[PDB]
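Visitor: After the structure tokens below, expect a handful of questions from me.
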Amino acid sequence: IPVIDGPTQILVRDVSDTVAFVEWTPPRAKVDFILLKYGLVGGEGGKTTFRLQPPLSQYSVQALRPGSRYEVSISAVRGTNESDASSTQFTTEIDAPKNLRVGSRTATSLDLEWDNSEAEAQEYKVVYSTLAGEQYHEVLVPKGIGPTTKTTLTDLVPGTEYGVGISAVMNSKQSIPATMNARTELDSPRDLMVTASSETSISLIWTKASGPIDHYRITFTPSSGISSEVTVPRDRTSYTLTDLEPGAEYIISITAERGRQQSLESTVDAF
Amino acid sequence: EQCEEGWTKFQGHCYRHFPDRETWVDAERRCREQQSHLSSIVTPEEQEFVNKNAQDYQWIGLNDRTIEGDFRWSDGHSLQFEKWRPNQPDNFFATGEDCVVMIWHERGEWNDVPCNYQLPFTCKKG
Ligand SMILES: [Ca+2]
Ligand SMILES: [Ca+2]
Ligand SMILES: [Ca+2]
């Protein structure tokens, strides 16, 4: 039976992933210090106690485990007499995954990897879009086994910048997303080949590159250093070279350009 | 005053596109090492030139980092011309969506995005 009264009506008004703002109304009468106790609800626990000065009707508790359930209590001591404790429970928010990176880039895919959250998350919500800010795609990625989780985004548009947000998910609860950006490669034309191979001209075919480009660029080199260039619009899938040496044994490269980006090369020879 | 090595002149100011990808704060911090600021865009003609000179997604100096929703140029210029993408700005991601990118293939229209993204940028001084 507590001789003396103490602080009451404890409140946890705001909580991030590692921090809680605790609030209470002070004791009516004299008290020489206040006790704030907190710890995990999960038996394998133990409490932290701070002894605070009587003026304070609030305190910020720090370095808490994310996605975990805590008990917090507040009481007063005067001489050898502890008061009743006002107690409440609360749950820290789920922490966002850390260290997002891109591995393999191609024209239509990005490989993502991130560190798993300290909190238990069965799944990760991966939300993405071009930076043009059209409607986002969404994808639930089961948690990887190790310290890390990977996924690959597919069917992306070549040569474009994506924004990605990854959130840890347990129950209906979500962490805020962690963000990063990445650029897909520009797609390359493939299978550029000879159609005609005459003494003055070479009529080339080639497998069209994919997604938005501006134009193709064919460079043609016969002698050691001297190399010339031509341009060809998007629409086209074949060109004819016209000014050349007689049966000169070339080797010819084609490439797609959009803005400041160019794609990897393709090549065949002509005699 | 005339135009330095690596810069190019447009309607009174000098400009330089840097292809190296940096966060918005680092891009602005780079610009300031050269007595410059991430570019502000005050007329359509400046839009068209800064877009056309870069031809890439890039940071400009518009941001709402100090007061959410209130976009300001890093160089103190008043906001009198805007060229936003449909439905932007939207503060999509609650963490740090406060910095503005020029979407080059869409007439160079602007989207607010996470400041932690790494992107090329253009600097501008007189
Ligand atoms: Ca903000
Ligand atoms: Ca914002
Ligand atoms: Ca946006």
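Going by the structure tokens order, chains are called A, B, ..., each with residues numbered from 1, while ligands are numbered from 1 in the order shown.
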If we count only C-alpha atoms, what is near segment 43-45 of chain B at a cut-off of 10 Å, once residues fewer than 6 positions away on the same chain are taken out, given as a PyMOL selection string?

Guide: chain B and resi 10-11+51+80-83

Visitor: Residues of the last selection are to be written out with N, CA, C and O atoms, as a compact mmCIF listing (two decimals), in the first residue's frame.

Guide:
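Written output follows (part24.txt):
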# COMPACT_ATOMS: atom_id res chain seq x y z
N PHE B 10 24.48 31.60 -72.08
CA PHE B 10 23.10 31.75 -72.52
C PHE B 10 22.47 32.92 -71.78
O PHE B 10 22.35 32.91 -70.55
N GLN B 11 22.09 33.94 -72.56
CA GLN B 11 21.30 35.07 -72.06
C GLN B 11 21.80 35.63 -70.73
O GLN B 11 21.05 35.77 -69.78
N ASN B 51 17.65 21.93 -70.74
CA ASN B 51 17.24 20.59 -71.14
C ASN B 51 18.05 20.12 -72.35
O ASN B 51 18.58 19.02 -72.35
N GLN B 80 8.76 32.02 -60.56
CA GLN B 80 7.81 32.70 -61.46
C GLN B 80 7.49 31.94 -62.75
O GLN B 80 6.63 32.36 -63.52
N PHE B 81 8.22 30.86 -63.00
CA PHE B 81 7.96 29.95 -64.10
C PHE B 81 7.95 28.53 -63.52
O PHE B 81 8.81 28.18 -62.72
N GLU B 82 6.95 27.73 -63.86
CA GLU B 82 6.94 26.31 -63.48
C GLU B 82 6.64 25.40 -64.67
O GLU B 82 5.90 25.75 -65.58
N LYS B 83 7.26 24.23 -64.71
CA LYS B 83 6.97 23.28 -65.77
C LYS B 83 6.93 21.85 -65.21
O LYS B 83 7.79 21.03 -65.47

Visitor: With only C-alpha atoms and all ligand atoms counted, collect every polymer residue having an atom within 12 Å of ligand 1; state the result as a PyMOL selection string.

Guide: chain B and resi 63-71+89-99+112-115

Visitor: Could you please determine the separation between atom CA of residue 122 of chain B and atom CA of residue 99 of chain A in Å, to one decimal place?

Guide: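 Atom CA of residue 99 of chain A lies 27.5 Å from atom CA of residue 122 of chain B.
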
Visitor: Return the neighbours of chain B among the residues of chain A, cut-off 9 Å, counting only C-alpha atoms, as a PyMOL selection string.

Guide: chain A and resi 131-134+160-161+163+165+176-182+258-261

Visitor: If you count only C-alpha atoms, which residues fall within 12 Å of residue 166 of chain A, apart from same-chain ones fewer than 6 positions away, as JSON, numbers by chain?

Guide: {"A": [95, 96, 97, 98, 99, 100, 101, 112, 113, 114, 115, 116, 117, 123, 124, 125, 126, 127, 128, 138, 139, 140, 141, 149, 150, 151, 174, 175, 176, 177, 178, 179, 180, 181], "B": [93, 95]}

Visitor: Which residues, written as a compact mmCIF listing (two decimals) with N, CA and C atoms, in the first residue's frame, have at least one atom at most 10 Å from residue 35 of chain B, with only C-alpha atoms counted and residues fewer than 3 positions away on the same chain left out?

Guide:
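Contents of result.txt, as written:
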# COMPACT_ATOMS: atom_id res chain seq x y z
N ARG B 29 26.59 21.33 -53.54
CA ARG B 29 27.88 21.60 -52.86
C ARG B 29 29.02 21.69 -53.86
N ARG B 30 28.90 20.99 -54.97
CA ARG B 30 29.88 21.05 -56.05
C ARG B 30 29.78 22.37 -56.80
N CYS B 31 28.54 22.75 -57.12
CA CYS B 31 28.24 24.01 -57.77
C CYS B 31 28.81 25.16 -56.98
N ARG B 32 28.70 25.10 -55.66
CA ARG B 32 29.17 26.19 -54.80
C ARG B 32 30.68 26.29 -54.68
N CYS B 123 25.06 23.46 -63.32
CA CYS B 123 25.39 24.62 -62.49
C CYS B 123 25.24 25.91 -63.29
N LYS B 124 24.98 27.02 -62.59
CA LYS B 124 24.75 28.31 -63.21
C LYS B 124 25.27 29.47 -62.36
N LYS B 125 26.10 30.31 -62.98
CA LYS B 125 26.49 31.61 -62.42
C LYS B 125 26.43 32.71 -63.49
N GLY B 126 26.64 33.96 -63.07
CA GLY B 126 26.64 35.11 -63.97
C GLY B 126 27.96 35.36 -64.67

Visitor: Residues near segment 236-248 of chain A, anyone? I mean within 6 Å using only C-alpha atoms, not counting same-chain ones fewer than 6 positions away, as a list in words.

Guide: residues 199, 200, 201, 202, 203, 204, 205 and 271 of chain A

Visitor: Give me the residues near residue 77 of chain B as a short mmCIF file (atom, residue, chain, number, x, y, z; two decimals) with N, CA and C atoms, in the first residue's frame, where near means some atom within 10 Å (using only C-alpha atoms) and where sequence neighbours in that chain fewer than 2 positions away do not count.

Guide:
data_model
loop_
_atom_site.label_atom_id
_atom_site.label_comp_id
_atom_site.auth_asym_id
_atom_site.auth_seq_id
_atom_site.Cartn_x
_atom_site.Cartn_y
_atom_site.Cartn_z
N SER B 40 18.70 27.54 -61.65
CA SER B 40 17.29 27.93 -61.54
C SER B 40 16.75 28.12 -62.96
N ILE B 41 15.44 27.95 -63.13
CA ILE B 41 14.82 28.09 -64.44
C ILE B 41 13.70 29.11 -64.31
N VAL B 42 13.87 30.23 -64.98
CA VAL B 42 13.05 31.42 -64.79
C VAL B 42 12.23 31.78 -66.03
N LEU B 62 15.58 23.57 -57.69
CA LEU B 62 14.29 23.65 -57.02
C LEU B 62 14.17 22.55 -55.99
N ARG B 72 11.42 26.32 -53.66
CA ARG B 72 12.32 27.45 -53.73
C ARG B 72 13.58 27.10 -54.53
N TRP B 73 14.14 28.09 -55.21
CA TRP B 73 15.39 27.93 -55.93
C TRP B 73 16.54 28.05 -54.95
N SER B 74 17.56 27.21 -55.09
CA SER B 74 18.73 27.25 -54.21
C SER B 74 19.49 28.57 -54.31
N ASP B 75 19.36 29.29 -55.42
CA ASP B 75 20.06 30.58 -55.61
C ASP B 75 19.24 31.83 -55.22
N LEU B 79 10.14 32.09 -57.61
CA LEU B 79 9.52 31.05 -58.45
C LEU B 79 8.42 31.64 -59.33
N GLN B 80 8.76 32.02 -60.56
CA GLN B 80 7.81 32.70 -61.46
C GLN B 80 7.49 31.94 -62.75
#

Visitor: So how far away is atom CA of residue 257 of chain A from atom CA of residue 208 of chain A, in Å?

Guide: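 So the answer is 12.7 Å.
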
Visitor: List every residue of segment 31-116 of chain B that DSSP, applied to the backbone of this structure, places in strand (DSSP E), and write the result as a list in words.

Guide: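 Listing strand (DSSP E) positions across segment 31-116 of chain B yields residues 37, 38, 58, 59, 60, 61, 62, 63, 72, 73, 97, 98, 99, 100, 101, 102, 103, 109, 110, 111, 112, 113 and 114 of chain B.
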
Visitor: Next, dump the selected residues to file, keeping only C-alpha atoms, as a short mmCIF file (atom, residue, chain, number, x, y, z; two decimals), in the first residue's frame.

Guide:
data_model
loop_
_atom_site.label_atom_id
_atom_site.label_comp_id
_atom_site.auth_asym_id
_atom_site.auth_seq_id
_atom_site.Cartn_x
_atom_site.Cartn_y
_atom_site.Cartn_z
CA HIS B 37 24.34 27.10 -57.77
CA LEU B 38 22.32 24.29 -59.22
CA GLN B 58 19.29 16.00 -64.09
CA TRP B 59 19.03 17.95 -60.83
CA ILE B 60 17.97 21.57 -60.96
CA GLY B 61 18.00 23.89 -57.96
CA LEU B 62 14.29 23.65 -57.02
CA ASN B 63 13.55 22.00 -53.70
CA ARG B 72 12.32 27.45 -53.73
CA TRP B 73 15.39 27.93 -55.93
CA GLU B 97 11.07 13.71 -51.58
CA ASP B 98 12.11 17.32 -51.74
CA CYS B 99 14.34 17.76 -54.77
CA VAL B 100 13.54 18.33 -58.39
CA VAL B 101 14.66 16.49 -61.48
CA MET B 102 14.32 17.48 -65.16
CA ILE B 103 12.79 14.61 -67.17
CA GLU B 109 9.36 18.66 -67.17
CA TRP B 110 10.00 18.54 -63.46
CA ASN B 111 9.33 15.83 -60.84
CA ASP B 112 10.06 16.02 -57.11
CA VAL B 113 12.05 12.96 -55.98
CA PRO B 114 14.17 11.66 -53.08
#

Visitor: Between A:16, A:1, A:152, A:129, which is the closest to ligand 3 once you count only C-alpha atoms and all ligand atoms?

Guide: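 Closest to ligand 3, using only C-alpha atoms and all ligand atoms: A:129.
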
Visitor: I'd like the interatomic distance between atom CA of residue 106 of chain A and atom CA of residue 143 of chain A, to a tenth of an Å.

Guide: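 These atoms are spaced 24.0 Å apart.
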
Visitor: Write out as a ChimeraX atom specification which residues come within 12 Å of segment 53-58 of chain A when counting only C-alpha atoms, dropping same-chain ones fewer than 6 positions away.

Guide: /A:6-13,20-36,74-78
